[PDB]
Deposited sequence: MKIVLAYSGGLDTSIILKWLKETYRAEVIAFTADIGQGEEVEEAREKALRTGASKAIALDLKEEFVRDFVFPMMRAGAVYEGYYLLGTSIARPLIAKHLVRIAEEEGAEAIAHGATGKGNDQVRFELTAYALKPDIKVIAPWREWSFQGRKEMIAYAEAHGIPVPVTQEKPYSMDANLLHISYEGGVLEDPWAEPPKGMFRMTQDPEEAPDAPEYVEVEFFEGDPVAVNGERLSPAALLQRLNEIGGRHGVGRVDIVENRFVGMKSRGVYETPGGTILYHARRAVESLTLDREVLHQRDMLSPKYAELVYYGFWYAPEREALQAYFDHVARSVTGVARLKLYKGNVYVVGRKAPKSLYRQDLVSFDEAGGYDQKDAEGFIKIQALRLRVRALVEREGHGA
């Protein structure tokens, strides 16, 4: 029996790698993906072999991540419950996509991951796994094992000889998520010095910085005049935005599994792109088209959040969003200053921003008022 494990290289997925061998007595193919977490994946790969993997694979997926997941999602203007830019949500589908690919390649009947039974990630990994390969089997150790505590796990790690040691965090090219630990108290401000991707505003440059982003057909293609690949462009904007401490949000969100959760996120580049896109949309999108698109954005967002990426509903909405986004061509000029991003200008080759006279407006008004007057009259 072979099991392809989504291995990140930490203590848990290492314990899980051992656990899978003892519990199933199968070969465990470890897979580590580079999506910008800031770790050297080749290390995790070698640690995977050391830990017992029969085969470890490491792939650089930054470009695929931004090009085929982050960008399509951004075109839709996806935002979960007012503030979440879905940094972790869009990454999972990519990983799962590879786990199943590798499994079909290695002749592995199952895949495994270390997401807990209480979170959203388990749903994301599995819904995409089953959607891509219905016959695939999934193993989620967190839902199957007996450990009754952190302590038991560390011990178990030593029993097997695995290197060992306030909040949990997930980091990739789009953002860094922080939650759990002291963050569980919604009334408690995140601890000083917690953020890693964005410099702290109180320490950000005293002078504003200006940045311009060019969009071609729904996707950002250049920064300050320099053409950049999708992954390179996201990186560039994280640097510029991070320096100014841009893209910080603190929210209590609704998980798909049923309960609320306190989350803190930093999305510098993505936050710049969010506003840059709308700034350009303000000149290139028709009024009614925009209004309809914005009322659908929330649904698309919850789809992505729940894990329905490789689902027909999301791909259907995607057809609408891409169609609208095809017109988003132009440039946004933004001003960054201590945690804040201010749009200060925008231009577009086909801006709709430049017919009728005074009388016309009066007729428009009369026709629009008709039903309200009949209403009042009837209420007589």
item	value
Missing stretches, numbered from 1 on the deposited chain sequence and kept in order	166 to 170, 360 to 369, 396 to 400
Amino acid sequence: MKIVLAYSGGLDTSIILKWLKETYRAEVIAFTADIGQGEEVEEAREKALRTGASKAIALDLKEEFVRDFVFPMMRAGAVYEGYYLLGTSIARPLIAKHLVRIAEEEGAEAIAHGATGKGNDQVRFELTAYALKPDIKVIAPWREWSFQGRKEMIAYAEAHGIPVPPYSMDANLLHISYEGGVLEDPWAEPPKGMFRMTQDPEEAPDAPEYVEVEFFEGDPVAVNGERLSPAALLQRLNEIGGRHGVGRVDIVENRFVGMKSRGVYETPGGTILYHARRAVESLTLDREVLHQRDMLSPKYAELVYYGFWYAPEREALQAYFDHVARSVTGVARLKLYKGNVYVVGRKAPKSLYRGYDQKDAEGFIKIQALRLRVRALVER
From here on, numbers count along this sequence of modelled residues.
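Just so we're on the same page, rigid core means the largest C-alpha set that superposes within 1.5 Å between forms.
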property	result
More shifted region, core-based fit in 6 other deposited structures of this protein, 275 to 283 vs 146 to 154 by CA	146 to 154
Stretch exceeding the other in mean C-alpha B-factor - 21 to 29, 360 to 368	21 to 29
Given 220 to 228 and 285 to 293, the range whose Cα B-factors average higher in the PDB entry	220 to 228
Deposited CA B-factor, highest of 298, 241, 163, 72	163
Selection by C-alpha B-factor (highest) of 276, 95, 154, 85	154
Modelled-residue ranking by C-alpha temperature factor, third containing residue 134	middle
Within-chain third of residue 37 by Cα B-factor, per the entry	highest
Chain third (lowest, middle, highest) by recorded CA B-factor, residue given as residue 46	highest
Lowest, middle or highest third - CA B-factor, residue 180	highest
Relative C-alpha B-factor of residue 3, binned into the chain's lowest, middle or highest third	middle
